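In: Got an experimental structure here, sequence first:
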Amino acid sequence: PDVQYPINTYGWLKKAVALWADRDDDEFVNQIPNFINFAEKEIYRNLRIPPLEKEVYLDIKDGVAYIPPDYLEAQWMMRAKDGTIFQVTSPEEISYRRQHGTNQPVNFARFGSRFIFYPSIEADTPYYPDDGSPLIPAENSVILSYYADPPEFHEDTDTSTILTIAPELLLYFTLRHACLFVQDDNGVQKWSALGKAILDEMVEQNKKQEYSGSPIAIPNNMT
Amino acid sequence: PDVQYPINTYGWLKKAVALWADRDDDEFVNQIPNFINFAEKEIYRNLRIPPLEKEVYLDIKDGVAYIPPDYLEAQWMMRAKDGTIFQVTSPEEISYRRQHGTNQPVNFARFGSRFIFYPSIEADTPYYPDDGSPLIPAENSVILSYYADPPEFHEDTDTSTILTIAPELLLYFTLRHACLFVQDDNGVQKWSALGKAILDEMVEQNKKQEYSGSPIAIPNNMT
Amino acid sequence: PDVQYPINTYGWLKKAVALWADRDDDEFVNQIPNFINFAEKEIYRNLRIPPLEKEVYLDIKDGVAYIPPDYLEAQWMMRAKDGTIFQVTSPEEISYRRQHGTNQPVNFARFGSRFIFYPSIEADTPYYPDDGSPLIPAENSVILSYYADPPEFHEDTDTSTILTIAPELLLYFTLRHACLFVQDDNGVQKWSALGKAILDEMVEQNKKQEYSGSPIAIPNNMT
Amino acid sequence: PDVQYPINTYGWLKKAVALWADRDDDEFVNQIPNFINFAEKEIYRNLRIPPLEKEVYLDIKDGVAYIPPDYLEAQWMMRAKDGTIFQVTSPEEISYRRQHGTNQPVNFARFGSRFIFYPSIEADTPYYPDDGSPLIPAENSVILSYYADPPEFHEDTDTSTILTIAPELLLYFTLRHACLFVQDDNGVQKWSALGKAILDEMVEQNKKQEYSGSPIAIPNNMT
Amino acid sequence: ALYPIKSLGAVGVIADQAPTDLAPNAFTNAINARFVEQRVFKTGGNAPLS
Amino acid sequence: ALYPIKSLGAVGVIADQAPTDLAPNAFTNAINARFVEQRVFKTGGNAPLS
Amino acid sequence: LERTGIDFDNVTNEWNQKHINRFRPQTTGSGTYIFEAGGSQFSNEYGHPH
Amino acid sequence: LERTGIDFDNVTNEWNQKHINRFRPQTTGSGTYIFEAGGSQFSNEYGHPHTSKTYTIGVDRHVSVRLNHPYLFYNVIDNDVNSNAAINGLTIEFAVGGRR
């Protein structure tokens, strides 16, 4: 098979694997989508990078919220106005505040598939379409930022930011399981060691990023 | 055999396994299901995450409130009223509480198949659930959040979240017992290492998802 | 031979061993019940899990009790009313209390095949049959919880909770001794290492269970 | 040869052993009994548990109270009257007690085949036991709890609890001496390791059974 | 560990020998089987003719 | 350690040689024994005939 | 085609158990072969197919 | 059948003791063989038998003999009537002791 230089789509990657794993047979090519699915699920299980983040407006009814199905890990969430970053606590702590509480900070916890809030916040989704040129935010709304699982390819010309940034990342990781189908044991380590090397290369690009501007201390004192 | 790009489920997985161990003979396949029943169990025995969690109401009735069959492990437990969290203790303490009747910090414990609560609580459910009553969630009674034993597969088109999300795991882990039925141990080591390295990713995903939002180590409540 | 997918009975397990230990001859199959007996006795010798626990009413005549024949290890025991968890002491300590003693706690010890109690308790068994629809508990009775040895199979269609939960547990452990009859020394370690791996998998499912609800400290002070 | 699923006893065990060492020739079998007499001894020399324990009354008569033949080791010792526990000491102390007559903490010691007690106790038994008298348990005298030398097998249909409970043990441990009669040492190592790993399970069972019920480290008695 | 049975056509059916002492390519049983040079294939069948 | 005595039918009874220097398949003693090709079995017995 | 009692004596000793996993032929042409397998615990019997 | 003074000189030296455990024949057909075993401490004498066994094809695959003379001999006897059995070869399972 032949592949292009700017590998950007699932279709070309599927043939690129059959090129680097040079063998091309029905027993191998037909399972390649499974190998890619195995590789992506392993990578996305612990990888956290800004491009896969997402903004979302919640629908707090009475101090409660339902977790989005695509939610994986939670980061900063705040009000649409005036800021007020929220902080996480334990169920055994928020319950204490409810019974004894009959300007204040905001705490939240997780009850299985639900969020909770002590001050009994009420937030609403945007008012949505009609003519639908804008999407007007509503007052007393909140904004949440979280890491969401990217959708599985399930299509040839479909693409993902991983292919655009590190196409070799999935390429080596899918060769891991490809070398697991046929026990190229020596191949398993070489793809994996390179795979983690590319995978670990992601993180120090990120921690050197969030604290890049001017590394200082903590200018937050209560007064 | 052959398969589809995504392996939704059993009906295909039980074939893909035969595939990844190219030599798929009948003495071997017919135990595929068994290998799988082994692997899922080896997993669930210690895996803990949301997607298998449960909300449920209880019937304390004299504090003999009984444990559901499906139970494995509890994460938290509370009321739907004013959000009061219970906490857990030993008999050796709750008994004292009894011999010293005066109860706000509700405790409970595990007497065989029974749950005890110090105060003679009376949450309630209907008799057997012919139901015909949502009853405001059974009189907005206590509610439990516990991890439950998932169902063993019993059907080809049967499914589970795992395959939607992380099937390669099951594949490798059952190949493990498959490569034990017939003596190819190097493959065993490889399958097993990969299963574990796939797995720990998940728990780390969950850990990085839990306690997000930078909570303080513990809001010290005076009261 | 052939076995089903849901291995749940001793009869199918006896043929499953002859399948995984693929050899089938009179010198091996006839001793398989002995191997299973060896495996179960090794496992039950130190395994302690809730499903094999048992409730029992005692027959305290005068501060004494006879140990049930099926008793292996003792856990919490209490009164049918008001709680009052009992605690264990040494014979050299309970004897001291008797001579100097001429609301109080309760202590007990073991004299060979007999239990003893300092306060000279008197308890009785339930009043038992007649019409026999209920089994009415009697006043001044006590309830004991202990680990009991599960009965040996000694029958084909007989079943046990171990087969339902971890059929592979006994399967690997009986292959240990099976690989001891014929010196498959390499097989001995692989079954054993897997066997202990499954066996040790039991315990952290349990210690993570008894303290799962809300890990705290000790709220038991004398006042 | 052949056997039954459970190996109740000698009559079958002495064959099963020949079996597990497939090559069962006569020069070898006729020493089976000897191997067994070796193994049970190698066990009992240091094994200690209830099932072999004993209740027994004594006859102090001038404190020369003599040691029974069957004796191995004592666990505790007391009266049937008011439950007074003795404790043990050396001659070098009891002699002092004598030279300082004034006795509640009863002590005793081991003079060759004799038991001494500081106070000139007079528990009693009948003369030789033609008996014809339960005599309220020989006048409710002291009673001893001691581990006793079990009987060496002398008959095919002879039995012991061990086989009801844990025969594989004997099997392996005698195979040990059986694989020493004839030089197959690797098998020796395997048999022996397995015997020991079977065994320690038992003592741990007993340990986890002893001191159950969470006793305090020691009820500190003032008096 | 491998047991490569190569050159199946070297020799055919043998008797008067222990089945455990036969050479790897001393493979022994054949009905309607043809052995030539280094290869094994089915012998020509029987069909009527008129 | 093994002493595989294979091809028992190679050669039969021998004398004029030390019993310690005989080859493993130079096995030597036979009464009513028949040796052919690579195998050892009992010789045909004697029966009357009329 | 059939060969009874392959002891693999050229690689290992006779009496040891040998975990069999795969047979890897080098075939020629087009066809559909049927392969059977079996064995016996003793060297004399013709084993039972598995 | 009989062979006197097997010294096992092709694997070990003559004078050392050799723990004998098993004889592993490869028999053919059906029959009932009788196997004997013995040895002598010196290379010249015909040794004294130590044990005897009956070998049944289809039930027993090999026999057990316990010996450690450096010069082992074994006897194979077939007195059974309806036996047409045959032996292709043997396999002596044995160990190494010592010498003085």
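Out: Right, received. Where do you want to start? Numbering: from 1, shown residues only, chains lettered A, B, ... in the order given.
In: hey, let's count contacts and neighbours off CA atoms from now on
Out: Will do.
In: ok, now which ones touch the most centrally placed residue in chain E?
Out: For chain E, residue E:12 is the residue whose C-alpha lies nearest the centre (C-alpha atoms, centre = their mean; 4.3 Å). Taking C-alpha atoms under 8 Å, 6 or more residues apart in numbering or on different chains, we find residue E:12 in contact with E:26-30, E:35.
In: Of these, which is the most crowded?
Out: residue E:27 (23 neighbours; other C-alpha atoms under 10 Å in any protein chain shown).
In: Which of the helices or strands spans it?
Out: Under DSSP states H and E, no helix or strand contains residue E:27.
In: go on, residue A:72?
Out: Short version, using DSSP H and E: residue A:72 is in strand A:71-79.
In: So what are the sheet partners of that strand and their directions?
Out: strand A:142-148 (antiparallel) (DSSP bridges).
In: Helix, strand, or coil at residue 7?
Out: I went with chain A, as the question did not name one. Look at residue A:7: counting by DSSP: H, G, I helix; E, B strand; the rest coil, its state is coil.
In: Let me rephrase: I mean chain E.
Out: Recorded secondary structure, residue E:7: coil (three-state DSSP).
In: how many neighbours does residue 14 have?
Out: All of this refers to chain A. Around residue A:14 there are 20 residues (other C-alpha under 10 Å).
In: To clarify, I was referring to chain G.
Out: 20.
In: got a list of what residue A:156 touches?
Out: Taking C-alpha under 8 Å, 6+ apart as the definition, contacts of residue A:156 comprise A:9-12.
In: Sort out for me which of those residues are in helices.
Out: With DSSP state H as the criterion, helices contain A:10-12 from among the contacts of residue A:156.
In: In chain A, where's the longest helix?
Out: Longest helix in chain A, counting by DSSP H: helix A:185-210.
In: chain center to it, what's the gap?
Out: Relative to its parent chain, helix A:185-210 has a centroid offset of 18 Å by C-alpha atoms, centre = their mean, to the nearest Å.
In: buried residues in it?
Out: Using 16 or more other C-alpha atoms under 10 Å in any protein chain shown as the test for burial, helix A:185-210 gives A:187-188, A:191-192, A:195, A:198-199.
In: could those go into JSON lines alongside distance to chain E?
Out: Supplementary listing: the buried residues of helix A:185-210 in JSON lines, determined by distance: C-alpha to the nearest C-alpha, whole Å:
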{"residue": "A:187", "distance to chain E": "22"}
{"residue": "A:188", "distance to chain E": "23"}
{"residue": "A:191", "distance to chain E": "28"}
{"residue": "A:192", "distance to chain E": "28"}
{"residue": "A:195", "distance to chain E": "33"}
{"residue": "A:198", "distance to chain E": "38"}
{"residue": "A:199", "distance to chain E": "38"}
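In: Could you save those as JSON lines and add columns showing distance to residue A:122?
Out: Shown next, in JSON lines, are those (distance: C-alpha to C-alpha, whole Å):
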{"residue": "A:187", "distance to residue A:122": "55"}
{"residue": "A:188", "distance to residue A:122": "52"}
{"residue": "A:191", "distance to residue A:122": "50"}
{"residue": "A:192", "distance to residue A:122": "48"}
{"residue": "A:195", "distance to residue A:122": "46"}
{"residue": "A:198", "distance to residue A:122": "44"}
{"residue": "A:199", "distance to residue A:122": "41"}
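In: gap between residue E:37 and chain A?
Out: Residue E:37 sits 33 Å away from chain A, taking C-alpha to the nearest C-alpha, to the nearest Å as the criterion.
In: what's the nearest residue to that residue once chain neighbours are set aside sitting at in phi/psi?
Out: Ranked by C-alpha to C-alpha, 6 or more residues apart in numbering or on different chains and with sequence neighbours excluded, the top spatial neighbour of residue E:37 is residue E:9, at 5.7 Å. In terms of degrees, to the nearest 10, the main-chain angles of residue E:9 are phi -90, psi 10.
In: and residue E:9, how many residues sit next to it?
Out: 17.
In: Could you pull up the residues touching it?
Out: Contacts here follow C-alpha under 8 Å, 6+ apart; on that basis residue E:9 touches E:25, E:35-40.
In: Could you rerun that using 6 Å?
Out: Counting by C-alpha atoms under 6 Å, 6 or more residues apart in numbering or on different chains, residue E:9 makes contact with E:35-40.
In: Understood, closing this out.
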